[PDB]
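Visitor: as they sit in the full assembly, here are the leading chains:
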Amino acid sequence: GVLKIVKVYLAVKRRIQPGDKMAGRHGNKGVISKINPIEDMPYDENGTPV
């Protein structure tokens, strides 16, 4: 019933958005919900944010 086929592949690049599921190896799973201006993050006396 069919005598020619075409296959097409499509590539998608995905960043991180609120609601994505994240996990640490020690069973510590959680969903992320925020993206902050880097200024807001707590930072050390050496000026490095987390």
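Guide: Sure thing, it's come through. Numbers count the residues shown, from 1 in each chain, chains lettered A, B, ... in the order given.

Visitor: any idea how many residues pack against residue A:24?
Guide: Residue A:24 has 8 neighbouring residues, counting by other Cβ atoms under 10 Å. C-betas here are computed from N, CA, C, even on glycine.

Visitor: distance of it relative to residue A:30?
Guide: 8 Å (Cβ to Cβ, to the nearest Å).

Visitor: and what of residue A:39?
Guide: On the measure of Cβ to Cβ, residue A:39 and residue A:30 end up 24 Å apart.

Visitor: quick one, which of the two is more surrounded?
Guide: residue A:30 (10 against 7).

Visitor: tell me which element that one is part of?
Guide: strand A:28-31 (DSSP states H and E).

Visitor: contacting residues for residue A:32?
Guide: Residues in contact with residue A:32 (Cβ atoms under 8 Å, 6 or more residues apart in numbering) are A:16, A:18-20, A:22.

Visitor: please apply the same query to residue A:8.
Guide: For residue A:8, no contacting residues are found, by Cβ under 8 Å, 6+ apart.

Visitor: throw chain B onto that model:
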Amino acid sequence: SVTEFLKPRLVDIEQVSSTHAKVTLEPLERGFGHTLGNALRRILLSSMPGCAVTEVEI
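Guide: So that you can see how it sits with the rest, here is chain B on the chains above:
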């Protein structure tokens, strides 16, 4: 735009009491609100010039 930032067209004067008026600003560039709020907050409690009452001889 490369060196221009949005500025607020501010309207709120709500003096629920004359001693405190509720004010509001909008719009501000992303994140400036914390910067401005913290700066003015620190100014208002610490920096204001004023007269104070401190003495009792009795």
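
Visitor: same question on the neighbour count of residue A:24, but with chain B included?
Guide: Neighbour count of residue A:24, defined by other Cβ atoms under 10 Å in any protein chain shown: 8.

Visitor: just give the nearest non-adjacent residue to the closest residue to chain A within chain B, would you?
Guide: For chain B, the residue closest to chain A is residue B:31, as judged by Cβ to the nearest Cβ, at 4.2 Å. Spatial nearest neighbour of residue B:31, chain neighbours left out: residue A:37 (4.2 Å); criterion: Cβ to Cβ, 6 or more residues apart in numbering or on different chains.

Visitor: work out the gap between the strand holding residue A:30 and the centre of the chain.
Guide: On the basis of Cα atoms, centre = their mean, to the nearest Å, the separation between the geometric centre of strand A:28-31 and that of its chain is 13 Å.

Visitor: who are the packing partners of that strand?
Guide: Judged by 3 or more Cβ pairs under 8 Å, 6 or more residues apart in numbering or on different chains; DSSP states H and E, strand A:28-31 is in contact with strand A:21-24.

Visitor: and the strand it packs on, what other elements does it pack with?
Guide: Right, strand A:21-24 is packed against strand A:28-31 by 3+ Cβ pairs under 8 Å, 6+ apart.
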